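Peer 1: Here you go, one structure.
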Amino acid sequence: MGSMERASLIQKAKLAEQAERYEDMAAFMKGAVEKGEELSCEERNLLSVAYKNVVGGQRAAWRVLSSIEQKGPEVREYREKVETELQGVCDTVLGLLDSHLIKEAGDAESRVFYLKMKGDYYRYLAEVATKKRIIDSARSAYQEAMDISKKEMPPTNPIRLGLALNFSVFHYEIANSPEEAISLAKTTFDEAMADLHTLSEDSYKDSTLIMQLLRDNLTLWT
Amino acid sequence: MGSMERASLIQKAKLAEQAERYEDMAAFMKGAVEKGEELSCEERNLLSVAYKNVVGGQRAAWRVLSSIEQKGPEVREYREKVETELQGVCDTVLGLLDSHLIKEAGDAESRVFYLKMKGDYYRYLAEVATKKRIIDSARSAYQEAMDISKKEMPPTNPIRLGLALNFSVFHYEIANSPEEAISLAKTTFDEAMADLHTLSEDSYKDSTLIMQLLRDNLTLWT
Amino acid sequence: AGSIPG
Amino acid sequence: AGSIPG
Ligand SMILES: *Cc1ccc(-n2ccnc2Br)nc1
Ligand SMILES: *Cc1ccc(-n2ccnc2Br)nc1
């Protein structure tokens, strides 16, 4: 997207979200990142939402195909096709974070956001891998993100909370550590609860929304 | 898809439908058609379902963008991008029907099915065109399909009914002939009603389903 | 106005 | 087990 203005890429990404054209949205935000300037809070969310939708559809298709595969060579071949496509999207996101979003991210808000993304897309890679190094790459990204968020953000910060939510899902679904997942979700929920009294009504709504996701998982896991 | 077996393309099209990978499904069925053999009843449905989903998502995005456009040049540029993509899909379908699905379709079931498709994709082209020749191409395809279905199929045949449904939507939405649309829907519904007594329970379910769509439109239009 | 969902 | 919908 080298010939389009940065601002035009951002505006078209917003249009593609409204039209549910998430591949277009991801392509627009990839071109925006490749302009070389750092991303604002809003632009980070556009980047995240775009690729989360694209890879989410790939993961959902991969699970359908893998389920049929478990239950000629066509099923395996086509699952391999979707798997390769998924890994390509994950590799593209990881490449944007490595070149050069993370190294230019100095504020805690931006750095935790990019490191949480990095943990997520190694996690998605780990879901289809057949593997230990990919799992450890996810763990390492999540861990650095947690260490920063616990030093630099209040317990109710939505990025901190969503990071802990996904790290707990990593522990449960990927690392075969359900007890660590349950412990992380409960401690995150309890510290957030104790910090709600500091929030305005709108921040209270953001935080209690994600806290409920933590509770939903705990209800499922216990 | 020249190097994949016809049967493998069909089986992968079915897999892509299950995984909601409709672009893949359309690509698989395009390759199947390009094998040069005629399509069975089931394979025709796969072809139709695949492209109907792909163009349906394009039409839905185009309407969002056109609505914003009516309410810099980015909005128009991006609507033009989606519009071009839509027209390309419609042109690809029309090309498959012209080369050589329709000319090899001798049975009424296959010929009406392909001519209804042809009316549909000129209709979709007409929705974004700014135009008279495209509307007349849709009209001509629908008309030939109706003339055959009224000679060769019972009034309750689901392809006959769906053809009349879409032709009535053409009259209402495209040709600015709401009275012709209302007249076609009512007469189609009444002739089908009088023919239900001939059907088994499963054929009765197929027919009454589409008849209800005719009723829904009539409730909207009157 | 609804066409065949298909 | 639900992650951030996002
Ligand atoms: C990782 C992440 C993504 C989005 C959010 N968020 C912000 C507001 N509502 C939500 Br859900 N939190 C964390
Ligand atoms: C044009 C068309 C497409 C599908 C059907 N159909 C068959 C069974 N149920 C339905 Br809806 N009819 C017409």
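So you can find residues: chains in the structure tokens are A, B, ... in the order shown, residues in each start at 1, and ligands are numbered from 1 in order.
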Please identify all residues of chain A having at least one atom at most 6 Å from any atom of chain B, considering only C-alpha atoms, and return them as a count of residues only.

Peer 2: 3

Peer 1: Can you tell me which residues surround residue 44 of chain A at a distance of at most 9 Å, considering only C-alpha atoms, apart from same-chain residues fewer than 4 positions away, and format the answer as an mmCIF file with N, CA, C and O atoms, in the first residue's frame?

Peer 2:
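The new file selection.cif reads:
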```
data_model
loop_
_atom_site.group_PDB
_atom_site.id
_atom_site.type_symbol
_atom_site.label_atom_id
_atom_site.label_comp_id
_atom_site.auth_asym_id
_atom_site.auth_seq_id
_atom_site.Cartn_x
_atom_site.Cartn_y
_atom_site.Cartn_z
ATOM 1 N N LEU A 39 1.985 3.805 16.099
ATOM 2 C CA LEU A 39 0.530 3.763 16.051
ATOM 3 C C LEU A 39 -0.066 4.374 17.312
ATOM 4 O O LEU A 39 0.426 4.147 18.421
ATOM 5 N N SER A 40 -1.144 5.128 17.132
ATOM 6 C CA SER A 40 -1.914 5.668 18.244
ATOM 7 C C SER A 40 -2.727 4.558 18.887
ATOM 8 O O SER A 40 -2.756 3.441 18.388
ATOM 9 N N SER A 48 -5.344 -4.601 15.619
ATOM 10 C CA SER A 48 -5.704 -5.808 16.357
ATOM 11 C C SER A 48 -7.024 -6.388 15.866
ATOM 12 O O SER A 48 -7.116 -7.587 15.585
ATOM 13 N N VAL A 49 -8.061 -5.550 15.761
ATOM 14 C CA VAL A 49 -9.378 -6.047 15.361
ATOM 15 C C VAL A 49 -9.314 -6.669 13.972
ATOM 16 O O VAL A 49 -9.939 -7.702 13.709
ATOM 17 N N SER A 110 1.439 1.033 24.958
ATOM 18 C CA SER A 110 1.750 0.503 23.636
ATOM 19 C C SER A 110 2.555 -0.787 23.730
ATOM 20 O O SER A 110 2.314 -1.729 22.969
ATOM 21 N N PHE A 113 0.472 -3.754 24.839
ATOM 22 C CA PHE A 113 -0.480 -4.084 23.780
ATOM 23 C C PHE A 113 0.179 -4.931 22.695
ATOM 24 O O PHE A 113 -0.365 -5.962 22.280
ATOM 25 N N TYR A 114 1.361 -4.513 22.228
ATOM 26 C CA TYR A 114 2.061 -5.261 21.188
ATOM 27 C C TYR A 114 2.563 -6.610 21.700
ATOM 28 O O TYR A 114 2.541 -7.604 20.964
#
```

Peer 1: Based on only C-alpha atoms, which of the residues in chain A come within 7 Å of chain D? I want them as a CSV table (one decimal) with N, CA and C atoms, in the first residue's frame.

Peer 2:
```csv
chain,number,residue,atom,x,y,z
A,49,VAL,N,-8.1,-5.6,15.8
A,49,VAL,CA,-9.4,-6.0,15.4
A,49,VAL,C,-9.3,-6.7,14.0
A,52,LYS,N,-7.4,-10.1,14.1
A,52,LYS,CA,-8.1,-11.0,15.0
A,52,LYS,C,-9.3,-11.6,14.3
A,162,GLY,N,-7.3,-7.9,29.8
A,162,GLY,CA,-7.4,-8.8,28.6
A,162,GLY,C,-6.1,-9.6,28.4
A,165,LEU,N,-6.4,-12.4,30.9
A,165,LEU,CA,-7.4,-13.4,30.4
A,165,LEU,C,-6.8,-14.3,29.3
A,166,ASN,N,-6.1,-13.7,28.3
A,166,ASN,CA,-5.5,-14.5,27.3
A,166,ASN,C,-4.4,-15.4,27.8
A,169,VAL,N,-5.9,-18.3,29.3
A,169,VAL,CA,-6.4,-19.3,28.3
A,169,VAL,C,-5.2,-20.0,27.7
A,217,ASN,N,-14.8,-18.0,32.4
A,217,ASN,CA,-13.8,-19.1,32.3
A,217,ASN,C,-13.7,-19.8,33.6
```

Peer 1: So which residues are near ligand 2, meaning at most 12 Å away with only C-alpha atoms and all ligand atoms counted, given back as a PyMOL selection string?

Peer 2: (chain B and resi 41-42+44-50+52+109-110+112-120+142+145+156-167+202-214) or (chain C and resi 2-6)

Peer 1: Provide the atom CA of residue 149 of chain A to atom CA of residue 134 of chain A distance in Å, to one decimal place.

Peer 2: 22.8 Å

Peer 1: From a DSSP calculation on the backbone, collect every residue of segment 3-158 of chain B in alpha helix (DSSP H) and output the set as a PyMOL selection string.

Peer 2: chain B and resi 6-18+22-33+41-70+74-96+108-128+132-152+158

Peer 1: How far is it from atom CA of residue 56 of chain B to atom CA of residue 26 of chain B, in Å with one decimal?

Peer 2: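 It comes out at 12.6 Å.
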